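For reference, data.txt (compact mmCIF, N, CA and C atoms and all ligand atoms):
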# COMPACT_ATOMS: atom_id res chain seq x y z
N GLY A 1 106.90 59.52 46.67
CA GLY A 1 106.84 59.39 45.18
C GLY A 1 106.35 58.03 44.75
N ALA A 2 107.20 57.01 44.93
CA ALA A 2 106.85 55.64 44.54
C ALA A 2 106.56 55.54 43.05
N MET A 3 106.22 54.34 42.61
CA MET A 3 105.91 54.10 41.20
C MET A 3 104.86 53.00 41.06
N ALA A 4 104.01 53.12 40.05
CA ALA A 4 102.96 52.14 39.81
C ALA A 4 102.61 52.06 38.32
N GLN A 5 103.58 51.65 37.51
CA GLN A 5 103.37 51.53 36.07
C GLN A 5 102.69 50.20 35.74
N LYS A 6 103.37 49.10 36.03
CA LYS A 6 102.83 47.78 35.77
C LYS A 6 101.83 47.38 36.85
N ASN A 7 100.57 47.23 36.45
CA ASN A 7 99.51 46.86 37.37
C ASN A 7 99.55 45.37 37.67
N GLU A 8 98.83 44.96 38.71
CA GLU A 8 98.79 43.56 39.11
C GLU A 8 97.82 42.78 38.23
N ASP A 9 98.28 41.64 37.73
CA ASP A 9 97.46 40.80 36.86
C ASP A 9 96.89 39.62 37.65
N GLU A 10 96.63 39.84 38.93
CA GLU A 10 96.09 38.81 39.79
C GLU A 10 94.94 39.35 40.64
N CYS A 11 93.85 38.59 40.71
CA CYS A 11 92.68 38.98 41.47
C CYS A 11 93.00 39.01 42.97
N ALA A 12 92.18 39.72 43.73
CA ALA A 12 92.37 39.83 45.17
C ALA A 12 91.13 39.34 45.91
N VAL A 13 90.22 38.74 45.16
CA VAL A 13 88.97 38.22 45.72
C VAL A 13 88.96 36.70 45.75
N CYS A 14 89.12 36.08 44.59
CA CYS A 14 89.11 34.62 44.48
C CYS A 14 90.46 34.09 44.02
N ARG A 15 91.46 34.97 43.96
CA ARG A 15 92.81 34.60 43.54
C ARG A 15 92.81 33.93 42.17
N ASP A 16 91.80 34.23 41.36
CA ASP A 16 91.71 33.66 40.02
C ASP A 16 92.09 34.69 38.97
N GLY A 17 92.50 34.23 37.78
CA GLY A 17 92.89 35.14 36.72
C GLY A 17 91.99 35.05 35.52
N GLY A 18 92.56 35.34 34.35
CA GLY A 18 91.78 35.29 33.12
C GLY A 18 91.24 36.65 32.73
N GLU A 19 89.93 36.83 32.86
CA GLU A 19 89.30 38.10 32.52
C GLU A 19 89.36 39.05 33.72
N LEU A 20 90.54 39.60 33.97
CA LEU A 20 90.75 40.50 35.09
C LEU A 20 90.73 41.96 34.66
N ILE A 21 90.28 42.82 35.56
CA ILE A 21 90.22 44.26 35.31
C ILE A 21 90.85 45.02 36.47
N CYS A 22 91.98 45.66 36.21
CA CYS A 22 92.69 46.42 37.23
C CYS A 22 92.24 47.87 37.25
N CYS A 23 92.02 48.41 38.44
CA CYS A 23 91.59 49.79 38.59
C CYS A 23 92.64 50.76 38.06
N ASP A 24 92.19 51.93 37.62
CA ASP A 24 93.08 52.94 37.07
C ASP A 24 94.23 53.26 38.03
N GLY A 25 93.93 54.00 39.09
CA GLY A 25 94.95 54.37 40.05
C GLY A 25 95.31 53.26 41.02
N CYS A 26 94.56 52.16 40.99
CA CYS A 26 94.81 51.04 41.88
C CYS A 26 95.24 49.80 41.09
N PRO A 27 96.52 49.38 41.21
CA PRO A 27 97.05 48.21 40.50
C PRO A 27 96.27 46.93 40.83
N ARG A 28 95.51 46.97 41.92
CA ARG A 28 94.71 45.82 42.33
C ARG A 28 93.76 45.37 41.23
N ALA A 29 93.58 44.06 41.11
CA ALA A 29 92.70 43.50 40.09
C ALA A 29 91.48 42.83 40.72
N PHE A 30 90.38 42.82 39.97
CA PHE A 30 89.14 42.21 40.45
C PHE A 30 88.33 41.62 39.30
N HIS A 31 87.37 40.77 39.64
CA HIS A 31 86.51 40.16 38.65
C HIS A 31 85.19 40.92 38.55
N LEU A 32 84.50 40.79 37.43
CA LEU A 32 83.24 41.48 37.23
C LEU A 32 82.23 41.13 38.32
N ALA A 33 81.93 39.84 38.47
CA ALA A 33 80.97 39.39 39.48
C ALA A 33 81.49 39.58 40.90
N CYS A 34 82.81 39.63 41.05
CA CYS A 34 83.40 39.80 42.37
C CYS A 34 83.22 41.23 42.87
N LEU A 35 83.28 42.19 41.96
CA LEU A 35 83.12 43.60 42.31
C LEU A 35 81.73 43.85 42.88
N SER A 36 81.64 44.79 43.81
CA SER A 36 80.37 45.14 44.44
C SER A 36 80.11 46.64 44.35
N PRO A 37 79.13 47.08 43.52
CA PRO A 37 78.30 46.19 42.70
C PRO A 37 79.05 45.64 41.49
N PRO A 38 78.68 44.43 41.02
CA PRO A 38 79.33 43.80 39.87
C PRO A 38 79.02 44.52 38.56
N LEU A 39 80.00 44.53 37.66
CA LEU A 39 79.84 45.18 36.36
C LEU A 39 79.25 44.21 35.34
N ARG A 40 78.30 44.70 34.55
CA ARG A 40 77.66 43.88 33.52
C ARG A 40 78.54 43.75 32.29
N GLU A 41 79.21 44.85 31.93
CA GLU A 41 80.09 44.86 30.76
C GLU A 41 81.36 45.66 31.06
N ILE A 42 82.40 45.42 30.27
CA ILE A 42 83.67 46.12 30.45
C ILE A 42 83.56 47.58 29.97
N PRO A 43 83.80 48.55 30.87
CA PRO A 43 83.73 49.97 30.53
C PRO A 43 84.95 50.45 29.75
N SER A 44 84.72 51.31 28.78
CA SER A 44 85.80 51.85 27.95
C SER A 44 86.19 53.25 28.43
N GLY A 45 86.95 53.31 29.52
CA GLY A 45 87.38 54.59 30.05
C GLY A 45 88.12 54.45 31.37
N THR A 46 87.90 55.39 32.28
CA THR A 46 88.54 55.37 33.58
C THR A 46 87.63 54.77 34.65
N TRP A 47 87.92 53.54 35.04
CA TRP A 47 87.13 52.86 36.06
C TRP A 47 87.78 53.01 37.43
N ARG A 48 86.96 53.24 38.45
CA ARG A 48 87.46 53.41 39.81
C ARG A 48 86.79 52.43 40.76
N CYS A 49 87.59 51.74 41.55
CA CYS A 49 87.07 50.78 42.52
C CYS A 49 86.52 51.48 43.76
N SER A 50 86.10 50.69 44.74
CA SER A 50 85.55 51.24 45.98
C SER A 50 86.60 52.09 46.69
N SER A 51 87.83 51.60 46.71
CA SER A 51 88.94 52.31 47.35
C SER A 51 89.06 53.74 46.81
N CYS A 52 89.06 53.87 45.49
CA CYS A 52 89.17 55.18 44.85
C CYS A 52 88.03 56.10 45.26
N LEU A 53 86.80 55.60 45.18
CA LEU A 53 85.63 56.38 45.55
C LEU A 53 85.67 56.78 47.02
N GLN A 54 86.27 55.92 47.84
CA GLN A 54 86.38 56.17 49.27
C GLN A 54 87.60 57.03 49.58
N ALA A 55 88.41 57.28 48.55
CA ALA A 55 89.61 58.09 48.71
C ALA A 55 89.35 59.54 48.35
N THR A 56 88.10 59.97 48.50
CA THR A 56 87.71 61.34 48.19
C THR A 56 87.81 62.23 49.42
N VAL A 57 88.56 63.32 49.29
CA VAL A 57 88.74 64.26 50.39
C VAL A 57 87.85 65.49 50.22
N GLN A 58 87.36 66.02 51.34
CA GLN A 58 86.50 67.20 51.32
C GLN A 58 87.15 68.34 50.54
N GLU A 59 86.52 68.74 49.44
CA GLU A 59 87.03 69.82 48.61
C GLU A 59 86.81 71.18 49.28
N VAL A 60 87.88 71.74 49.83
CA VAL A 60 87.81 73.03 50.50
C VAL A 60 88.17 74.16 49.54
N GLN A 61 87.60 75.34 49.78
CA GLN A 61 87.87 76.50 48.94
C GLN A 61 88.80 77.49 49.64
N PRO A 62 90.10 77.50 49.31
CA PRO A 62 91.08 78.40 49.93
C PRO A 62 90.79 79.86 49.58
N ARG A 63 91.58 80.76 50.16
CA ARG A 63 91.42 82.19 49.93
C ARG A 63 90.01 82.65 50.28
N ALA A 64 89.68 82.58 51.57
CA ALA A 64 88.36 82.98 52.05
C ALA A 64 88.43 84.31 52.79
N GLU A 65 89.28 85.21 52.31
CA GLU A 65 89.43 86.52 52.94
C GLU A 65 88.41 87.51 52.39
N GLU A 66 88.07 88.50 53.21
CA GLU A 66 87.10 89.52 52.82
C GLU A 66 85.77 88.89 52.42
ZN ZN A 101 87.70 37.40 42.05
ZN ZN A 102 91.26 51.82 42.70

Encoding of this model in structure tokens:
Amino acid sequence: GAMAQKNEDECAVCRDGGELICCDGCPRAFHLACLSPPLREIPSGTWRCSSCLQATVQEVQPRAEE
């Protein structure tokens, strides 16, 4: 189960703060230029880091009878 309400307000690249952006499902924080690829502007929605994109599992289709 665990819990992850309050996200981390500290970077994990240069250990610097200020204009930090924490991933949706990942409390981890990063800087615009630090991110790869770096973001030009702050997105207004659900942003996903590399970890999230790499956390994609093969979508299988159950019930394959007949
Ligand atoms: Zn950084
Ligand atoms: Zn993430």

Original post:
Separation of CA of residue 39 in chain A and atom C of residue 56 in chain A, in Å?
Top reply: 22.9 Å

**OP:** All residues within 7 Å of ligand ZN 101 (chain A) are required, counting only N, CA and C atoms and all ligand atoms; please report them as JSON, numbers by chain.
**Re:** {"A": [11, 12, 13, 14, 15, 16, 29, 30, 31, 32, 33, 34, 35]}

Would you mind exporting N, CA and C atoms of the selected residues as a PDB file, in the frame of the given file?
ATOM      1  N   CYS A  11      93.850  38.590  40.710  1.00  0.00           N
ATOM      2  CA  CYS A  11      92.680  38.980  41.470  1.00  0.00           C
ATOM      3  C   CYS A  11      93.000  39.010  42.970  1.00  0.00           C
ATOM      4  N   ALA A  12      92.180  39.720  43.730  1.00  0.00           N
ATOM      5  CA  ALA A  12      92.370  39.830  45.170  1.00  0.00           C
ATOM      6  C   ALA A  12      91.130  39.340  45.910  1.00  0.00           C
ATOM      7  N   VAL A  13      90.220  38.740  45.160  1.00  0.00           N
ATOM      8  CA  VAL A  13      88.970  38.220  45.720  1.00  0.00           C
ATOM      9  C   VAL A  13      88.960  36.700  45.750  1.00  0.00           C
ATOM     10  N   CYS A  14      89.120  36.080  44.590  1.00  0.00           N
ATOM     11  CA  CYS A  14      89.110  34.620  44.480  1.00  0.00           C
ATOM     12  C   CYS A  14      90.460  34.090  44.020  1.00  0.00           C
ATOM     13  N   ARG A  15      91.460  34.970  43.960  1.00  0.00           N
ATOM     14  CA  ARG A  15      92.810  34.600  43.540  1.00  0.00           C
ATOM     15  C   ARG A  15      92.810  33.930  42.170  1.00  0.00           C
ATOM     16  N   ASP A  16      91.800  34.230  41.360  1.00  0.00           N
ATOM     17  CA  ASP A  16      91.710  33.660  40.020  1.00  0.00           C
ATOM     18  C   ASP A  16      92.090  34.690  38.970  1.00  0.00           C
ATOM     19  N   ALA A  29      93.580  44.060  41.110  1.00  0.00           N
ATOM     20  CA  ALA A  29      92.700  43.500  40.090  1.00  0.00           C
ATOM     21  C   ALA A  29      91.480  42.830  40.720  1.00  0.00           C
ATOM     22  N   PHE A  30      90.380  42.820  39.970  1.00  0.00           N
ATOM     23  CA  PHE A  30      89.140  42.210  40.450  1.00  0.00           C
ATOM     24  C   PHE A  30      88.330  41.620  39.300  1.00  0.00           C
ATOM     25  N   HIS A  31      87.370  40.770  39.640  1.00  0.00           N
ATOM     26  CA  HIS A  31      86.510  40.160  38.650  1.00  0.00           C
ATOM     27  C   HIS A  31      85.190  40.920  38.550  1.00  0.00           C
ATOM     28  N   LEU A  32      84.500  40.790  37.430  1.00  0.00           N
ATOM     29  CA  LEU A  32      83.240  41.480  37.230  1.00  0.00           C
ATOM     30  C   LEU A  32      82.230  41.130  38.320  1.00  0.00           C
ATOM     31  N   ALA A  33      81.930  39.840  38.470  1.00  0.00           N
ATOM     32  CA  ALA A  33      80.970  39.390  39.480  1.00  0.00           C
ATOM     33  C   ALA A  33      81.490  39.580  40.900  1.00  0.00           C
ATOM     34  N   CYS A  34      82.810  39.630  41.050  1.00  0.00           N
ATOM     35  CA  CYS A  34      83.400  39.800  42.370  1.00  0.00           C
ATOM     36  C   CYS A  34      83.220  41.230  42.870  1.00  0.00           C
ATOM     37  N   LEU A  35      83.280  42.190  41.960  1.00  0.00           N
ATOM     38  CA  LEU A  35      83.120  43.600  42.310  1.00  0.00           C
ATOM     39  C   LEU A  35      81.730  43.850  42.880  1.00  0.00           C
TER      40      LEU A  35
END

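Using all atoms listed in the file, residues with at least one atom at most 7 Å away from any atom of ligand ZN 102 (chain A) are residues 22, 23, 24, 25, 26, 27, 28, 47, 48, 49, 50, 51, 52 and 53 of chain A.
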
**OP:** Output as a PyMOL selection string all residues of range 17-55 of chain A that backbone DSSP marks as strand (DSSP E or B).
**Re:** chain A and resi 21-22+29-30

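Going from CA of residue 9 in chain A over to atom N of residue 54 in chain A, you cover 21.8 Å.
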
Adding 6 Å on each side of the box along x, y and z that holds all listed atoms of range 50-61 of chain A, could you give its centre and edge lengths in Å to one decimal, as JSON?
{"center_x": 87.6, "center_y": 64.1, "center_z": 48.0, "size_x": 16.1, "size_y": 38.8, "size_z": 18.6}

Mind listing the alpha helix (DSSP H) residues of chain A, per DSSP on the backbone, as a JSON list (two decimals) with N, CA and C atoms, keeping the file's coordinate frame?
[["chain", "number", "residue", "atom", "x", "y", "z"],
["A", 50, "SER", "N", 86.10, 50.69, 44.74],
["A", 50, "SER", "CA", 85.55, 51.24, 45.98],
["A", 50, "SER", "C", 86.60, 52.09, 46.69],
["A", 51, "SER", "N", 87.83, 51.60, 46.71],
["A", 51, "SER", "CA", 88.94, 52.31, 47.35],
["A", 51, "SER", "C", 89.06, 53.74, 46.81],
["A", 52, "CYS", "N", 89.06, 53.87, 45.49],
["A", 52, "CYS", "CA", 89.17, 55.18, 44.85],
["A", 52, "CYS", "C", 88.03, 56.10, 45.26],
["A", 53, "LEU", "N", 86.80, 55.60, 45.18],
["A", 53, "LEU", "CA", 85.63, 56.38, 45.55],
["A", 53, "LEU", "C", 85.67, 56.78, 47.02],
["A", 54, "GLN", "N", 86.27, 55.92, 47.84],
["A", 54, "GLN", "CA", 86.38, 56.17, 49.27],
["A", 54, "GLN", "C", 87.60, 57.03, 49.58]]

Original post:
What is the atom N of residue 2 in chain A-CA of residue 60 in chain A distance in Å, reported with one decimal?
Top reply: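 CA of residue 60 in chain A lies at a distance of 25.8 Å from atom N of residue 2 in chain A.
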
Coords for range 6-27 of chain A, N, CA and C atoms, as a compact mmCIF listing (two decimals), in the first residue's frame:
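The result, written out as selection34.txt:
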# COMPACT_ATOMS: atom_id res chain seq x y z
N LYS A 6 2.57 13.96 0.25
CA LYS A 6 3.51 15.08 0.18
C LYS A 6 4.74 14.70 -0.64
N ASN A 7 4.90 15.37 -1.77
CA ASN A 7 6.03 15.12 -2.66
C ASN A 7 7.30 15.76 -2.13
N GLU A 8 8.44 15.36 -2.68
CA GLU A 8 9.73 15.89 -2.26
C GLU A 8 9.98 17.25 -2.91
N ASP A 9 10.37 18.22 -2.09
CA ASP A 9 10.65 19.57 -2.57
C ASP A 9 12.15 19.79 -2.72
N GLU A 10 12.87 18.73 -3.06
CA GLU A 10 14.31 18.79 -3.23
C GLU A 10 14.74 18.07 -4.50
N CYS A 11 15.61 18.71 -5.27
CA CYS A 11 16.10 18.14 -6.52
C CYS A 11 16.95 16.90 -6.24
N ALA A 12 17.13 16.07 -7.26
CA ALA A 12 17.91 14.85 -7.13
C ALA A 12 19.05 14.84 -8.14
N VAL A 13 19.24 15.98 -8.80
CA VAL A 13 20.29 16.12 -9.81
C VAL A 13 21.42 17.01 -9.31
N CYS A 14 21.10 18.24 -8.95
CA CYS A 14 22.10 19.20 -8.47
C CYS A 14 21.85 19.57 -7.01
N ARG A 15 20.92 18.87 -6.36
CA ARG A 15 20.59 19.13 -4.96
C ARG A 15 20.20 20.59 -4.72
N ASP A 16 19.72 21.26 -5.77
CA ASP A 16 19.31 22.65 -5.65
C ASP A 16 17.79 22.76 -5.63
N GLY A 17 17.28 23.86 -5.07
CA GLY A 17 15.84 24.05 -4.99
C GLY A 17 15.36 25.23 -5.80
N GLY A 18 14.27 25.84 -5.35
CA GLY A 18 13.72 26.99 -6.06
C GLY A 18 12.61 26.59 -7.01
N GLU A 19 12.89 26.68 -8.31
CA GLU A 19 11.91 26.31 -9.33
C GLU A 19 11.96 24.82 -9.60
N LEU A 20 11.42 24.04 -8.67
CA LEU A 20 11.42 22.58 -8.79
C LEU A 20 10.09 22.05 -9.28
N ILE A 21 10.14 20.94 -10.00
CA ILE A 21 8.95 20.30 -10.54
C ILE A 21 8.98 18.81 -10.21
N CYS A 22 8.06 18.38 -9.35
CA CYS A 22 7.98 16.98 -8.95
C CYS A 22 7.04 16.20 -9.85
N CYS A 23 7.46 15.00 -10.25
CA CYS A 23 6.65 14.16 -11.12
C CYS A 23 5.34 13.76 -10.44
N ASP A 24 4.32 13.51 -11.26
CA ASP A 24 3.01 13.13 -10.75
C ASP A 24 3.10 11.95 -9.78
N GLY A 25 3.30 10.75 -10.32
CA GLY A 25 3.39 9.56 -9.49
C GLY A 25 4.73 9.40 -8.79
N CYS A 26 5.69 10.24 -9.13
CA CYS A 26 7.02 10.17 -8.53
C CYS A 26 7.32 11.42 -7.70
N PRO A 27 7.38 11.30 -6.36
CA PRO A 27 7.65 12.43 -5.47
C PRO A 27 8.99 13.11 -5.78
